[PDB]
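Undergrad: Experimental structure and sequence below.
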Amino acid sequence: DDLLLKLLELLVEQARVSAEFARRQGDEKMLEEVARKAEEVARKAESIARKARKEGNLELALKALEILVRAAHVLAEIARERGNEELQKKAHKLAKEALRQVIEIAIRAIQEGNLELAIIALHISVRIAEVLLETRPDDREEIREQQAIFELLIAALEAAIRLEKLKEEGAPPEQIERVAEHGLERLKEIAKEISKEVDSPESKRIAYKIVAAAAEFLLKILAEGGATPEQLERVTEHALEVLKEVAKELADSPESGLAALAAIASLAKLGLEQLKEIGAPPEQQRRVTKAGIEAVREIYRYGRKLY
Amino acid sequence: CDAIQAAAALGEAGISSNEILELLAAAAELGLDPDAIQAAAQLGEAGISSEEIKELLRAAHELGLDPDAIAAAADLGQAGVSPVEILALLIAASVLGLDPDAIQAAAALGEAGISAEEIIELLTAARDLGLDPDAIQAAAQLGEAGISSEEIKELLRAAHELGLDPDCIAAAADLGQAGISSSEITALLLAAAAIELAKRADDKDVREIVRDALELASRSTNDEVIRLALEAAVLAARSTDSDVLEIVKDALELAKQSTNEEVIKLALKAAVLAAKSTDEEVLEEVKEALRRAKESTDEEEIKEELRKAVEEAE
Amino acid sequence: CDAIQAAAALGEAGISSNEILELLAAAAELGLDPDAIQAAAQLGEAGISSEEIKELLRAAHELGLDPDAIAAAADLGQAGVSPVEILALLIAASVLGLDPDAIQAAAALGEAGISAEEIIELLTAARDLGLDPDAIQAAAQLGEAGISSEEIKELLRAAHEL
């Protein structure tokens, strides 16, 4: 595939040199042609990107998204020279979908643990921000929402890489505990702060799923570290507790309830799979199950304030 | 007499006398019936811990679950689903307002081993699409056919747009077990539905349009052109309007004449949007745009006239 | 649902997506019914090529064969009769004015392994002698008994003369 993706890059560059010609000399038919050609590129890239999503190749998906941003850059300049609304509307719609897609891929990249793909995804997200910032003369709230998600992902990655450094160094379980413990604290405080300013339901759903994926990463790092069942208990309880109170902040609806439930209980199920793998005794299995069920109980009884 | 059989079942499951008494104490406080208690005995035979069953009983009462919703926990337990995952499915099904048939279809998705988040998102999708439980049962059959969860969402979104019956979704699961790709299953759904409609309404113009679409689709190396042409065939086979028939026949004839995939997609997309739409002035302007195209001296004028029509109708 | 289930049967027969779409193009042009399409699927399961089946369907329409004669095409196909000989047998019976029962007895002569020209001379003899279709069924049973076409013709000639 990469050869086709690079043909799109070459096409885009020829269009971009033609956009210099549109500044240096100018023609409506040239602007029309590069606009249409860039849409044809965008459709080619989108077609590859949907196939890459279905196949699960994140590297190709990120490459295709970056090419979609490269196309969006030239599209935005073409629209700026032409004074054109249709292209700017197309650009905002495409960029907003790309933001959602790259968010979902970035969640997946953190979930699979290849943080270099996540870093590349955030690089692309900065380029999406460059497009959005050029695109809107007016809207601040879209930028706030994107940047809040970015600040959350960055904070989660700062914890993730601090833990991964401890894991690479072979650090003692007590340091892994105190780092993870304060990681969950900082996640909670940042989520609480972000919850003051965000208001898009889909963004809130994203943000919660990100906090959940960050807790999941912390738990899986502790499992890769081979920690004691006492550590698995303490951290799982603190993690579910944080993820519950963050649910009590963010949750407002059946849609958010369903997410909170699915995430919390999946995280507890994954925790119980670590207890199964280490062979922890039945009282630990009961303790974790009770903590999980008491979270589900509290999620229902919080939800019953609204339902 | 029969209330003793629950104690016998729990004793055969190896539950101790004080645990049977404690479970009976909970069942008495909660007022739960002998078959709800039999479902608790089946969870005990599935190896679910007595102290977890106390939470399952409590939760069923605090939710106000009906006996069949309680019974579905035993099927999920014998499918190997955890007490907590059972609590997910039930707690969600309650706020979703699901009926026992939809809950039994969730138990079948549990027997298919689908992840609880994917089950709940599939249930949310079926709820938002306003579908009946047979669509959930057909989604479970697509799970038995091994179709990925967002491809189930594609097949549901397609079947909803196309007004198909649930047995077409069952036949899509049969095509999935035959190893056909989800895009090709969509093409087969489209073509077979267009011809099933043509068997109900065998008009010469319907037969010509459906044939010309199937021909153009069989000629095309591009599956966007296939899906456009076969969806246009479904819309024309449901239609009773001479303007839609003329517009679709002109677009298919122009697409059978032309050698450019872009003009082909423009003409078919314009005809599809005109057939989705319901405005006689848009239909008149589209028929005019097809005259302007067929009588054109320049292919760039074909492209820009069809673009202006598409970008007004979309 | 039924048309999608017929497509699933063509998928179980191993017919590719563009070949099903071409067979569906023929179904739309020729106005094929479900039992004619089921016969095309059974010709597919008998291993007749998609390109030949398109000629078989074209021929069945250009002849004006009825659905039971089209079903007999799949019976002759499962008997292993060559694709043009299916068309000859059906054409001959149709142009003689023979009925679906006589055609089914010709499919039984095909299952008995009788040569196509010998079937056609037997059908011509039964037609000229004015016999009922059970005489063709008896000719198939005499073929299963190993009696020669000359001796079947002698037995029918004797039975008619007496």
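TA: Noted; the coordinates are in hand. Numbering: from 1, shown residues only, chains lettered A, B, ... in the order given.
Undergrad: Contact residues of the stretch 51-200 of chain A facing chain B?
TA: For the stretch 51-200 of chain A, the residues in contact with chain B (CB under 8 Å from any CB of the partner chain) are A:54, A:86. All C-beta spots, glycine's among them, are computed from the backbone N, C-alpha and C.
Undergrad: residue ranges for the helices of the stretch 51-200 of chain A, please.
TA: For the stretch 51-200 of chain A, the helices defined by DSSP state H, counting those that start in this stretch occupy A:58-82, A:85-112, A:115-135, A:141-169, A:173-197.
Undergrad: okay, those helices, which one's buried deepest?
TA: Across these, averaging neighbours per residue (mean count of other CB atoms under 10 Å in any protein chain shown) puts helix A:58-82 on top, at a mean of 22.
Undergrad: Quick one: residues contacting residue 123.
TA: Assuming you mean chain A. With contact set as CB atoms under 8 Å, 6 or more residues apart in numbering or on different chains, residue A:123 has no partners.
Undergrad: That was the other one, I meant chain B.
TA: B:92-93, B:96, B:98, B:102, B:106, B:136.
Undergrad: Keep only those that also lie close to chain A.
TA: Okay, of the contacts of residue B:123 touching chain A (CB under 8 Å from any CB), that's B:92, B:96.
Undergrad: now the contacts of residue B:123 in JSON lines, with neighbour count?
TA: What follows is the contacts of residue B:123, written out as JSON lines (neighbours: other CB atoms under 10 Å in any protein chain shown):
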{"residue": "B:92", "neighbour count": "22"}
{"residue": "B:93", "neighbour count": "22"}
{"residue": "B:96", "neighbour count": "17"}
{"residue": "B:98", "neighbour count": "22"}
{"residue": "B:102", "neighbour count": "22"}
{"residue": "B:106", "neighbour count": "28"}
{"residue": "B:136", "neighbour count": "27"}
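Undergrad: Now do the closest residue to residue B:252 other than its chain neighbours: how many residues are near it, please.
TA: What sits nearest to residue B:252 in space, not counting adjacent residues and going by CB to CB, 6 or more residues apart in numbering or on different chains, is residue B:212, at 4.3 Å. For residue B:212, the neighbour count with other CB atoms under 10 Å in any protein chain shown is 23.
Undergrad: Would you mind measuring from residue B:212 to residue B:236?
TA: Distance of residue B:212 to residue B:236, computed by CB to CB, to the nearest Å: 10 Å.
Undergrad: again with residue A:126
TA: 48 Å.
Undergrad: quick one on the thing from earlier: which residues are in contact with the residue nearest to residue B:252?
TA: B:249, B:252-253, B:256.
Undergrad: how about the residues of the stretch 201-307 of chain A near chain B?
TA: Counting by CB under 8 Å from any CB, the stretch 201-307 of chain A sits next to chain B at A:254-255, A:257-258, A:261-263, A:265-266, A:268-269, A:272, A:282, A:286, A:289-290, A:292-293, A:296-297, A:299-300, A:303, A:307.
Undergrad: Now restrict the residues you listed to buried residues only.
TA: With neighbours counted by 16 or more other CB atoms under 10 Å in any protein chain shown, these contain buried members at A:254, A:257-258, A:261-263, A:265-266, A:268-269, A:272, A:289, A:292-293, A:296-297, A:299-300, A:303.
Undergrad: buried residues in stretch B:61-68?
TA: Going by 16+ other CB under 10 Å, stretch B:61-68 has these buried residues: B:61, B:63, B:65, B:67.
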